[PDB]
Structure formats: C-alpha cells, structure tokens
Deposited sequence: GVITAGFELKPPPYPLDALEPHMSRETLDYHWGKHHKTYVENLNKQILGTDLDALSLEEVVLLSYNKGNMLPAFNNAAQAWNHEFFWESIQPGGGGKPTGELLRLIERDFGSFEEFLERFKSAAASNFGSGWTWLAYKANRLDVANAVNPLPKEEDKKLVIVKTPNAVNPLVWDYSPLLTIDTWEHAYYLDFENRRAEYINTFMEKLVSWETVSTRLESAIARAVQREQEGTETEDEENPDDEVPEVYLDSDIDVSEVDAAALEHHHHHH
C-alpha cells in the first residue's frame, strides 16, 4: 500500500560544530554526514520490497541478529542504531561525573567512579579493530562494560545499553588521527552526557521492574 520513507537519519541533538574543539565540525560532517547517512541509506536499500520499515530499528536489529549467524540487514541496522545512540551519548559541556542513582550503581558494581572510568577507558582502548565499547544494564551485578566487534551491540543479548563510544577509526581520525587513547580520554572528560545515561538507566530499570509485574 502507501509506502514509507524507510528509516530516517536523525541529526545529532546539537549543532554540528557544538562539540568543538573536542570533536570538530569536520568530524560530524564526515562521521554523521557520510558514514551514518550511508548506513541508513544502505539499510533502506536492503529492505526494499519488505515490510521491515514497519518495525522499529531496534526490532530489525534483533530480528536479523539470528543468534549470531547474522542476516543481510544486520550490519546496517545495528550501525544505524549504534550511531544514533552515539550522538545522543554526548553533549556540549559533557564530561565530569554522574550523580544520583547512576553514580551509586556505578560505585556498587565497580567500587567507585574512578575504577569504573579506568576500566571503561581501558576496554575501549583494547577492543581491537572496528567496534564499540558499552556501559550496559542487565536485569536477568547490574552494570557491565561490554566490548563488541564491528556493528554488534548488547541489545543482541538483552542488555540495555546506557553509554557507548564508537572506536571505528572513522570516529576519531580527523581529530586524533591514530591516537585512540587520546580520543577515549577526551570523550570521558569533555563529551559524555551523564544526564542522558541516567535517563537511559531509569528506563532500563522501569522495563525490568515492569517485566516482573
């Protein structure tokens, strides 16, 4: 019947030069304007002739993971989802420390925020090749750091992601060249949006509680 426009390219929740000098306008132009755009476009092309665009992007990822023997649309669907989650994981004037429930959970499960911080930055740095590092909440220790290769994300294992850093080379060449550790550091000191991470934790907690009831 009436066609859809498929999945959309959501812009980052801030102007493309808002993350300077930590993430440049050229990076967002290239990372969002080309790579993220291309994942969405390529996904829309792959699902032409099907009703998959009726589903949420989440649902497409879950459906094409196929317990690890991934189906053709997975990489583009996962990358589309991962990149939207990425832009919303950061903000102008990010960095600093979390507060409230999120801080308490981090310190219950990692001892302290500083310990969590070093373990997250170190996982981000040691994930070889292309991929992502996540903080994630699991209901069924509630907080875990996750390393995934390429397009994979923890939704595929029923974890609720809370934070991610893109460590595909395209994510930091223009600002840090090959110095990923610097990239990872600036990310935690200047860009991470702890308010967004807390919002996502409150939602993961609600979903878990509500599953019981």
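Enquirer: List the gaps, meaning deposited-sequence segments with no CA coordinates, ordered along the sequence.
Expert: Comparing the full sequence with the modelled residues, the uncovered ranges come out as 141 to 156, 230 to 270.
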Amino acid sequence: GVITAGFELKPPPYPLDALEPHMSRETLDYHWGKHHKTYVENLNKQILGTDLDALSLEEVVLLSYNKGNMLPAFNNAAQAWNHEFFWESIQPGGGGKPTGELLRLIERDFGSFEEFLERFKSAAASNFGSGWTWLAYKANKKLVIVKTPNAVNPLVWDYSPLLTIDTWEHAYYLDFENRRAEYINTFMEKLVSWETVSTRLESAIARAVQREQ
From here on, numbers count along this sequence of modelled residues.
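Enquirer: For the stretches 46 to 54 and 26 to 34, which has the higher mean C-alpha B-factor as given in the deposited record?
Expert: Between 26 to 34 and 46 to 54, it is 46 to 54 that shows the higher mean C-alpha B-factor.
Enquirer: Tell me which stretch has the larger mean Cα B-factor in this entry, 111 to 119 or 80 to 88.
Expert: Between 80 to 88 and 111 to 119, it is 111 to 119 that shows the higher mean C-alpha B-factor.
Enquirer: At the C-alpha atoms, which of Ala125, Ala73, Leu135, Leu105 reaches the highest B-factor in this entry?
Expert: If I rank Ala125, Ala73, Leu135, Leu105 by C-alpha B-factor, first place goes to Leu105.
Enquirer: Sort the modelled residues of this chain by their C-alpha B factor and say whether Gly68 lands in the lowest, middle or highest third.
Expert: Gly68: CA B-factor falls in the highest third of its chain.
Enquirer: C-alpha B factor of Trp157, ranked within the chain: lowest, middle or highest third?
Expert: Its C-alpha B-factor belongs to the highest third of this chain's values.
Enquirer: Going by the recorded CA B-factors, say which third of the chain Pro15 sits in, lowest, middle or highest.
Expert: Answer is middle: the recorded C-alpha B-factor places it there.
Enquirer: Within this chain's modelled residues, let me know which third the CA B factor of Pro98 belongs to: lowest, middle or highest.
Expert: For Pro98, whose C-alpha B-factor we compare with every modelled residue in the chain, the answer is the highest third.
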